[PDB]
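Worksheet: one structure, shown below.
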Amino acid sequence: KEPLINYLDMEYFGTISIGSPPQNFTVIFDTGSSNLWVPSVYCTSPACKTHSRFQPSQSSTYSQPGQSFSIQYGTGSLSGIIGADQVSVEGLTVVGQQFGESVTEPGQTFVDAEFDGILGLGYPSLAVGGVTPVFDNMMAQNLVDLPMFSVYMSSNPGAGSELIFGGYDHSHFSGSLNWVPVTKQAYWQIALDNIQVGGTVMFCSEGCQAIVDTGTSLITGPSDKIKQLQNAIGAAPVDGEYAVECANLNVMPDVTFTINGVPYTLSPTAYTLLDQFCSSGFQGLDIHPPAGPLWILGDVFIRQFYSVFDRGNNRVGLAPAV
Amino acid sequence: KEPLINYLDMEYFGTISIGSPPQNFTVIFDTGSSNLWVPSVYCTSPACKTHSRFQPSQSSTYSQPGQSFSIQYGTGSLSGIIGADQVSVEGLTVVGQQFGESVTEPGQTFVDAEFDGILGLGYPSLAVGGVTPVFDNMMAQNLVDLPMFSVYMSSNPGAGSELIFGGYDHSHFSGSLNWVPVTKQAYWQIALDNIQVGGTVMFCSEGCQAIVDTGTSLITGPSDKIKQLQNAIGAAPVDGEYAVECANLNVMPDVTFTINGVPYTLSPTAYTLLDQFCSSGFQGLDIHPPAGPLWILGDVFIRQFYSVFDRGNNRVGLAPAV
Amino acid sequence: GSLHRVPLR
Amino acid sequence: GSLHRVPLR
Amino acid sequence: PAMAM
Amino acid sequence: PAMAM
């Protein structure tokens, strides 16, 4: 199986440290999950050999709570034991933070993944084993001035891309922030009024649920609706992805997501990946009930709209990125 | 696979401790291997949940050399990482002893194995990863008065069964010890002059190689020769083992192993297991070249003949047990 | 008020 | 001379 | 101590 | 110290 297949595509990465002395790891900040885990030095899979692996014995501040763990991202389980130690995230250091030390097969493709682990930023209800998420510890340990964090994902050249704990940077967005209430506290789940193409409602006419997920590269939705969306914008099937003729970019329709009565429009320039060819920034992904079905506003959306995640008021702030 | 299938049958066990404070483990003292390994707390297989698992973080004297490990017993590999810590064996404590902390699937049947790990007592050439065997450290650390250890396996009721490091107990054997030179320093390998049934040479008429292995329950040999031996003594195939009519015990032939010119005779009483029915103490086991073919004088043999393993002179001492 | 920035690539 | 005995069961 | 911003 | 046996 490929437990992390949904994270193997274009992502943004950051660095964190665990233990004393610090052991560095490249991780993905994922608002679509809530656990922090990194490869264990005890993972002897060929796929783990190319990554930084946590070595408990080299850290004087490490301790074992006693519980083991197992997480699921929808395509296979990842298991190991839970550890506790100091975790540092540029400027801040959380003491006693618990995280997973994965041991089981992570998947052959993980061998070339550009990241080592994942740092979930979702709600604790999504955390497996009732392990307190990093951001919840930050709040509980009064490390942040405001109970929120925000993400800026740069489309060019992603040099200036940054994650901010404790607030947001108004230099990354124009106008005032539009707030959206979190409908279900697990993922950063919100409600869509409707989705329209070419200025005409075409999906979720009666509203549907979605989540703002930094861990998801594209904008996803029920596979069937996406197909309808693919040919509506002019995308065509290929080897396994949907391509679009770069030329007809200016003749393609706008895709608008109406959230809390506000229109969030994506021009074909915004929902098309230049990764010499042009492909679709939309993809099918069926989340099983009771959690799904869901639409996922991934990086493709966040690049167009600076996002603010506020645990203090349980809401999401959106505004045009700069 | 079942990596430890050859250890899942009737064995003798002892207890050892690792770390500070001590973590106890039930192990098999195996002169047929040379590594020491125990389950790692990082082994999350269902099969490991029923065993004592080493927890590095709870031991103040633990350290990691850095190398990982993988061992083979002929039916599948067992892998993990190498650790170092103090290992205690009734009265003696070896400091800095390296051992394996197994993580990979040990085999479904290991779930009910009565032991946790194995402590090899063979030569270092058999040790994987060039890890120094426990007994070699004992000698190097001057913990024993004589560079040898001996084994007494009681047939009745196995109450008085014992392993002795640093010497032997003359109260466990009659007469003087017969010494046999070790022919190849890996297993405790020796040479057989011939094997006879009913006082007549029937196998290895021109001599063959064998090993004295405490980790092997029965007396093994090339599967084909064993079949010939099975029907020669009067054994018959059953579900998967060879049974013998308990009644014809006194009419069955003696099986003699001639070692270094000395006859080591096993009466049918000695080579028959009472485990209400009577079965054969012989079994086929083909060791692949270049190591094999080999005959293995396991517990069935050792119960009849007290065995002394002398690293100082590279020889084996045998004498009738008491 | 301080902002704790985490660069992403 | 001391003997270090390890009980087996 | 100075009051933080 | 006593000499061991």
Side-chain angles (χ1 to χ4, degrees), chain A residues 10-17 25-31 87-94 114-115 119 121 134-135 138-139 141-172 214-215 299 302-303 307-308, chain C:
Chain A
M10 42 175 63
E11 298 275 23
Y12 290 72
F13 313 105
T15 294
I16 70 168
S17 290
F25 297 91
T26 297
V27 302
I28 298 173
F29 291 82
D30 182 31
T31 57
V87 175
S88 298
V89 185
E90 209 73 68
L92 301 177
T93 293
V94 179
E114 292 194 293
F115 66 96
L119 191 158
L121 294 158
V134 167
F135 192 57
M138 287 187 268
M139 288 191 273
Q141 284 172 31
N142 302 315
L143 300 182
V144 288
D145 295 348
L146 289 182
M148 51 182 237
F149 53 94
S150 51
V151 181
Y152 169 67
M153 297 181 157
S154 195
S155 57
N156 292 292
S161 295
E162 78 176 337
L163 171 79
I164 301 171
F165 283 115
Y168 58 72
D169 193 327
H170 208 315
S171 66
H172 289 309
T214 52
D299 298 345
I302 300 170
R303 263 193 293 279
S307 305
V308 179
Chain C
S2 182
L3 295 182
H4 305 293
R5 306 162 184 277
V6 178
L8 307 174
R9 308 147 302 186

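Basis for what follows: all heavy atoms, side chains included, without hydrogens, waters or symmetry-related copies. Convention: sequence-line order gives letters A, B, ...; per-chain numbering from 1.
- Contacts of A:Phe13 classified as ring pair (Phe, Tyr, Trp, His ring centres under 6.0 Å), with partners at least two apart in sequence or in another chain: none.
- The minimum heavy-atom distance between A:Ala159 and A:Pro157, with the atom names listed, is N-CD, 3.7 Å.
- Taking chain C as the reference chain and counting heavy-atom pairs below 4.5 Å, the highest number among A:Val151, A:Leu92, A:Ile28 is found for A:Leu92.
- Residues passing the side-chain contact (heavy atoms from CB on, under 4.5 Å) test with A:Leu146 are A:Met148, sequence neighbours excluded.
- The list of salt bridge (charged side-chain N to carboxylate O under 4.0 Å, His left out) pairs with a residue in residues 150-159 of chain A, not counting sequence neighbours, is empty.
- Only the backbone of A:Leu143 comes within less than 4.5 Å of a heavy atom of chain C; no side-chain atom from C-beta onward does.
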Across chain A and chain C, going purely by atom type as modelled, what donor-acceptor pairs are there at a distance under 3.5 Å?
{"unit_1": "C:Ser2", "atom_1": "N", "unit_2": "A:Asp145", "atom_2": "OD2", "d": "2.7"}
{"unit_1": "C:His4", "atom_1": "N", "unit_2": "A:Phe165", "atom_2": "O", "d": "3.4"}
{"unit_1": "C:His4", "atom_1": "O", "unit_2": "A:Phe165", "atom_2": "N", "d": "3.0"}
{"unit_1": "C:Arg5", "atom_1": "NH1", "unit_2": "A:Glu162", "atom_2": "OE1", "d": "3.4"}
{"unit_1": "C:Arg5", "atom_1": "NH1", "unit_2": "A:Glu162", "atom_2": "OE2", "d": "2.8"}
{"unit_1": "C:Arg5", "atom_1": "NH1", "unit_2": "A:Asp169", "atom_2": "OD2", "d": "3.0"}
{"unit_1": "C:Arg5", "atom_1": "NH2", "unit_2": "A:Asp169", "atom_2": "OD2", "d": "3.2"}
{"unit_1": "C:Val6", "atom_1": "N", "unit_2": "A:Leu163", "atom_2": "O", "d": "2.7"}
{"unit_1": "C:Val6", "atom_1": "O", "unit_2": "A:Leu163", "atom_2": "N", "d": "2.8"}
{"unit_1": "C:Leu8", "atom_1": "N", "unit_2": "A:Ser161", "atom_2": "O", "d": "2.9"}
{"unit_1": "C:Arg9", "atom_1": "N", "unit_2": "A:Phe13", "atom_2": "O", "d": "3.0"}
{"unit_1": "C:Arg9", "atom_1": "O", "unit_2": "A:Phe13", "atom_2": "N", "d": "2.8"}

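- Between A:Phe115 and A:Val27 there is no side-chain heavy-atom pair separated by less than 4.5 Å.
- In this structure, A:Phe149 and A:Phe165 have tilted ring planes: the angle between them lies in the 30° to 60° band.
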